[PDB]
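Trainee: Need coordinates for the following:
(one chain, ligands or ions: 5)
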Amino acid sequence: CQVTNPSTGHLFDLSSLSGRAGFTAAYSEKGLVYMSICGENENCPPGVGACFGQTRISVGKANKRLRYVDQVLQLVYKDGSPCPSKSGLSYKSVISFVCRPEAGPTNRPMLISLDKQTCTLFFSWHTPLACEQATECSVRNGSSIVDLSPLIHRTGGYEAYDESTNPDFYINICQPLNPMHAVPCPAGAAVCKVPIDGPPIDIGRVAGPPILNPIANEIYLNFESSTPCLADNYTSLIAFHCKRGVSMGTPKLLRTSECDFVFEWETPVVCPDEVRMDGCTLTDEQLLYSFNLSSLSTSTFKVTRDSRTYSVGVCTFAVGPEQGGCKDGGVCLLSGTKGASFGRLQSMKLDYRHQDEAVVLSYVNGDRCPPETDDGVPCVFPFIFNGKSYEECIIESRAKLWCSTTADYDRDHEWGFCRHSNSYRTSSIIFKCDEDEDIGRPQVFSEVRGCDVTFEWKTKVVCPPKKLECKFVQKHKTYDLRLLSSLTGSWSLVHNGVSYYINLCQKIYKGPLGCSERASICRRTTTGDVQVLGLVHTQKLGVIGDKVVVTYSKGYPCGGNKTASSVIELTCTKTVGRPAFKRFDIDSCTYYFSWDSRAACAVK
Ligand SMILES: *[C@@H]1O[C@H](CO)[C@@H](O)[C@H](O)[C@H]1NC(C)=O
Ligand SMILES: *[C@@H]1O[C@H](CO)[C@@H](O)[C@H](O)[C@H]1NC(C)=O
Ligand SMILES: *[C@@H]1O[C@H](CO)[C@@H](O)[C@H](O)[C@H]1NC(C)=O
Ligand SMILES: [Cl-]
Ligand SMILES: [Cl-]
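Mentor: Residues are numbered from 1 along each chain as shown. Ligands and ions are numbered 1, 2, ... in the order given. Find the structure here:
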């Protein structure tokens, strides 16, 4: 019940599998196959390794004859019962063992395909017991390693595009292809080709580790074949080009050079980790001041909803060296026994949300999102089935990978065949402004299909310019408006009984009730309510032909997402003048004010 390697002489032992009680594989829906390893199965006639379900049909007589075929441990069960094809022709089974380092509940035998012509049953079993070395899905780059491991497909395989709904190519990278429903890909294959017309041909086998280009750097990956070309053994190649973003990106076919297959894969994982331009601070061109989020980075936060507890870090890993769950992860859904990373801290992006005055931190590229059923109803992890708790799609009493849709299958019997996700998990915090939240505390805002999390965090950190500089430069000329910026009260013009209150670079002080805080320019209709015409923090300064212009946005609601605005223009004069009213542009909803001032005049 053992075989060794012709080139290394490594030991393989399948004694741990040699049960008399054996195991069960499925074919069709309610069809079953009972089988033992290196011995006859107690559910079959004496001297038979595997047989058909209800009707004990010998699909092969048991033996210890274990062949090693290219990284794969292969058994053959010969001289089974008569075959429908011709007289005396025996049924035969090919139980083949493919390597897989991870254990897990899907380490079980399966019919991958059935040749009806030659009565050959094709089986595959995925075991750590069949592994010889380690999974080499990384190559060293200078001081830090580059690691393709998260791209490893662990349930099936990547499907390559329909070039010049039917399948075509199949791909996994550092472990071989997983068993696939009605896809007769040969056991142990890494890269597979399915032709409409023709039994699927092996074109790629996981050769060595990824290789590194020391120049304008990309990453390659060689794949081999024992199956021969129609002009010469087929070769296969995946080139990796770095592309940042949410999608980890499937491989696509590029060149076809006939005895050679070349692919291309655009992926975040190949990108160098980039030290952030300006640390834990958000800076936008449009407002030119900035927020310092560092005071939050100071520690992690445990946010929780419906028993789901996330640990969240701002500019620091979600989990220190203690829970040790989400490697690299900046947000982490703690499941005690584990952790799911909802985005790599390194991938962090900070973007100002102009529409909302809010700041959006976003981590990306965590762990794969969970599967749903074929009919699109989400899986529930963990679930109980046959009195055991499962955390992933299983193959038990069924032909294809399936999950439960309740916490307790045994009780509720609801389920569906898994269709797997392709998005890896994202998270984001949206930072909203609140003056008396010194450092706030995030809460859960939205969760979608266990694939994204968004928190709302109200800090003081993302608020505070109520005071601004009036020293700016345009085309090498410096103007100093600090003269007109009153630290005590404001300026007021009365135009047509309507009072206007206006203060440069600063909050209006002792303003009329209705003039909010932050209000840079105000308006009070004779006996009517008052209207904010602009806010100080949205200040814009500039020069237009001899005039110094100052702009304020985000005033009162002006119909159809329009908001009031104020534009004050200043020609240079001798005095420190008073502001006057010019016009109110109806279409833009903008107020134009005149000011002759000594302030609008650069000097040296
Ligand atoms: C490897 O490391 C160097 C130095 O850190 C960096 O410039 C380069 O972009 C990295 N990328 C790869 C995958 O070679
Ligand atoms: C395919 O080619 C390799 C060398 O390139 C050779 O070792 C092998 O025997 C060939 N095919 C088979 C039978 O594996
Ligand atoms: C943000 O605050 C921190 C305190 O941890 C300080 O070290 C950092 O320099 C500040 N960032 C700015 C304003 O650049
Ligand atoms: Cl196993
Ligand atoms: Cl505090």
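Trainee: Just give the number of residues close to residue 542.
Mentor: By the criterion of other CB atoms under 10 Å, residue 542 has 12 neighbours. To be clear about C-beta, it is placed using only N, CA and C from the backbone, and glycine gets the same treatment.
Trainee: Contacts only, for it.
Mentor: Contact partners of residue 542, counting by CB atoms under 8 Å, 6 or more residues apart in numbering, are 472, 474, 548-551.
Trainee: Just give me the closest of those to ligand 4.
Mentor: Of all the contacts of residue 542, the one sitting nearest ligand 4 is residue 551; the distance, using CB to the ion, is 69.3 Å.
Trainee: buried stuff in the host helix or strand of that closest one?
Mentor: Taking DSSP states H and E as the definition, one finds residue 551 inside strand 547-552. Taking 16 or more other CB atoms under 10 Å as the neighbour-count basis, strand 547-552 is seen to contain the buried residues 548-552.
Trainee: Repeat that for stretch 184-200.
Mentor: When neighbours are counted by 16+ other CB under 10 Å, the buried residues of stretch 184-200 are found to be 185-194, 200.
Trainee: Grab the two from these that are most spread out in space.
Mentor: 188 and 194 (16.5 Å; CB to CB).
Trainee: Switch the buried residues of strand 547-552 over to TSV; also include distance to ligand 4.
Mentor: TSV is the format used below for those (distance: CB to the ion, whole Å):
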residue	distance to ligand 4
548	77
549	74
550	73
551	69
552	69
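Trainee: so where do the helices sit in the stretch 351-500 of the chain?
Mentor: 409-412 (DSSP state H, counting those that start in this stretch).
Trainee: give me the residue from it nearest ligand 4.
Mentor: For the stretch 351-500 of the chain and ligand 4, the shortest gap (CB to the ion) falls at residue 395, measuring 12.8 Å.
Trainee: okay but that residue is in contact with residue 108, surely?
Mentor: Yes. With contacts defined as CB atoms under 8 Å, residue 395 counts as touching residue 108 at a distance of 5.7 Å.
Trainee: Now do the contacts for the residue nearest the centre of the chain.
Mentor: Using CA atoms, centre = their mean, the residue of the chain that lies closest to the mean C-alpha position is residue 424, 2.9 Å off. By CB under 8 Å, 6+ apart, the contact list for residue 424 reads 150, 246, 248, 365-369.
Trainee: could you redo the last one with a cut-off of 7 Å?
Mentor: Residues near residue 424 by CB atoms under 7 Å, 6 or more residues apart in numbering: 248, 365-369.
Trainee: want to throw these into a markdown table with distance to residue 114 and neighbour count?
Mentor: Compiled in a markdown table, these are given as follows (distance: CB to CB, whole Å; neighbours: other CB atoms under 10 Å):
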| residue | distance to residue 114 | neighbour count |
| --- | --- | --- |
| 248 | 34 | 19 |
| 365 | 40 | 26 |
| 366 | 39 | 29 |
| 367 | 35 | 20 |
| 368 | 31 | 18 |
| 369 | 33 | 20 |
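Trainee: For the residues you listed, give me CSV that also has distance to residue 591.
Mentor: Output for the contacts of residue 424, formatted as CSV (distance: CB to CB, whole Å):
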residue, distance to residue 591
248, 50
365, 47
366, 48
367, 53
368, 54
369, 50
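Trainee: same for ligand 4: which of the residues you listed are within range?
Mentor: Checking the contacts of residue 424 against ligand 4 by CB under 5 Å from the ion, not one of them is in range.
Trainee: list the contacts for the residue of the stretch 401-550 of the chain found nearest ligand 3?
Mentor: With distances taken as CB to the nearest ligand atom, the stretch 401-550 of the chain approaches ligand 3 most closely at residue 461, which sits 9.1 Å away. Residues counted as contacts of residue 461 (CB under 7 Å, 6+ apart) are 291-293, 295-296.
Trainee: Let me know the closest of these to ligand 3.
Mentor: When the contacts of residue 461 are ranked by distance to ligand 3 (CB to the nearest ligand atom), residue 292 comes first, at 3.7 Å.
Trainee: list the contacts for that closest one?
Mentor: Going by CB under 7 Å, 6+ apart, residue 292 touches 281, 461.
Trainee: which residues does it bridge with?
Mentor: On DSSP bridges, the residues paired with residue 292 through beta bridges are residue 281.
Trainee: ok so residue 170 is a helix residue?
Mentor: No. Residue 170 sits outside any helix when classified using DSSP: H, G, I helix; E, B strand; the rest coil, being strand.
Trainee: Give me the distance between it and residue 294.
Mentor: Using CB to CB, to the nearest Å, one gets 47 Å for the distance from residue 170 to residue 294.
Trainee: and the two? which has more neighbours close in?
Mentor: Neighbour comparison, residue 170 and residue 294: the larger count goes to residue 170, with 25 against 14 (by other CB under 10 Å).
Trainee: That one touches residue 177, doesn't it?
Mentor: Yes. Using CB atoms under 7 Å, residue 170 makes contact with residue 177 at a distance of 6.0 Å.
Trainee: got any residues that touch both of these two?
Mentor: Shared contacts of residue 170 and residue 177, defined by CB under 7 Å, 6+ apart, comprise 157, 185, 192.
Trainee: Restricted to strands, list those.
Mentor: Among those, the residues falling in strands (DSSP state E) are residue 192.
Trainee: would you list the shared contacts of residue 170 and residue 177 in a markdown table and tack on distance to residue 537?
Mentor: Compiled in a markdown table, these are given as follows (distance: CB to CB, whole Å):
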| residue | distance to residue 537 |
| --- | --- |
| 157 | 53 |
| 185 | 60 |
| 192 | 59 |
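Trainee: how many other residues sit next to the residue nearest to residue 13 when sequence neighbours are not counted?
Mentor: Taking CB to CB, 6 or more residues apart in numbering as the measure, residue 13 lies nearest to residue 2, with 5.4 Å between them; neighbours along the chain are not counted. Residue 2 is flanked by 12 other residues according to other CB under 10 Å.
Trainee: give the contact list for residue 2.
Mentor: Applying CB under 7 Å, 6+ apart, the residues contacting residue 2 are 12-14, 66.
Trainee: which stretches of the stretch 151-300 of the chain form helices?
Mentor: With DSSP H, counting those that start in this stretch as the criterion, the stretch 151-300 of the chain has helices at 294-297.
Trainee: Could you report the neighbour count for the residue of it found nearest ligand 1?
Mentor: When distances are taken as CB to the nearest ligand atom, the stretch 151-300 of the chain approaches ligand 1 most closely through residue 217, which lies 3.2 Å from it. Neighbour count for residue 217, taken as other CB under 10 Å: 13.
Trainee: And for the one 4 residues further on?
Mentor: By other CB under 10 Å, 26 other residues sit near residue 221.
Trainee: how near is it to residue 410?
Mentor: Computed as CB to CB, the residue 221 to residue 410 distance reads 43 Å.
Trainee: Thought residue 190 was touching residue 206, still the case?
Mentor: Yes. Counting by CB under 7 Å, residue 190 is a contact partner of residue 206 at 4.3 Å.
Trainee: what residues are shared contacts of these two?
Mentor: Both residue 206 and residue 190 are contacted by 176, 223, under the criterion CB under 7 Å, 6+ apart.
Trainee: Return the set of residues that bridge with the residue nearest to the centre of the chain.
Mentor: Beta bridges link residue 424 to residue 368 when assigned by DSSP bridges.
Trainee: now residue 403
Mentor: In this structure, residue 403 has beta-bridge partners residue 416, where bridges are defined by DSSP bridges.
Trainee: out of the shared contacts of residue 170 and residue 177, who's near ligand 1?
Mentor: Among the shared contacts of residue 170 and residue 177, none lies close to ligand 1 by the criterion of CB under 6 Å from any ligand atom.
Trainee: Which stretches in the stretch 51-200 of the chain count as strands?
Mentor: Using DSSP state E, counting those that start in this stretch, the strands of the stretch 51-200 of the chain run over residues 58-60, 66-69, 72-77, 92-99, 110-115, 120-127, 138-141, 144-147, 158-160, 169-171, 191-193.
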